[PDB]
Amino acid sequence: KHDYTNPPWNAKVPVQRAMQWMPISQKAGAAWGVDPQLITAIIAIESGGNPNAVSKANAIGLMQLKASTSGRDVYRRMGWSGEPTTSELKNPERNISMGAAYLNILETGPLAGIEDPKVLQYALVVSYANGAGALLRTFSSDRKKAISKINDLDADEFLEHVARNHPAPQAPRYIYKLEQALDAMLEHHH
């Protein structure tokens, strides 16, 4: 039973830095059918808006994408050989484009059939964090049955499930941080 609100995450500054990229996020989210606010929240959480960011096994750039895994998954989807370069992933436009593509792959692939857009949003950030498989297997070894069980919950019950059952402490924490980020973005819309 993960203490996922501890310690408090102060989203104000990460979101202010992420919001500088919002034009790109709106362009890429437009193109890929992905919500720009979700893109921006992920930039805030991942890189804090730093396009030169690096973290876990050479995940790179604003959305901290790894070339050999996620990057490759995007290239495969686009019918391209190979995978993004480090330089490409440091480019804000390319990085946000590929992150939006990867989010779309998750939404339309392993997570297809989640009907409540808010539960889908939570399932997306948990899947971005630690993979869709770990999430789905907290429900069932069968994909369709897992999606069915997810579809029985609302967003609050979904978080509670993830907090009680997901093996990764990062999973419920990502939902907590996403909501901190979405709240902080409200200061930026008049």
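The numbering used is simple: start at 1 and walk along the sequence shown.
In this crystal structure, the stretch out of 45 to 53 and 137 to 145 whose C-alpha atoms carry the higher mean B factor is 137 to 145. Comparing 83 to 91 with 97 to 105, the higher mean C-alpha B-factor in the PDB entry belongs to 83 to 91. The entry assigns its greatest Cα B factor, within the set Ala155, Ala163, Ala123, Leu62, to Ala155. The PDB entry gives the largest Cα B-factor of the residues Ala67, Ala31, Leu159, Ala132 to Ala31. For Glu187, the recorded CA temperature factor ranks within the middle third of the chain's modelled residues. Among all modelled residues in this chain, the alpha-carbon of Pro169 has a temperature factor (C-alpha) in the middle third. For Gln20, the recorded CA B-factor ranks within the highest third of the chain. Only modelled residues enter the ranking.
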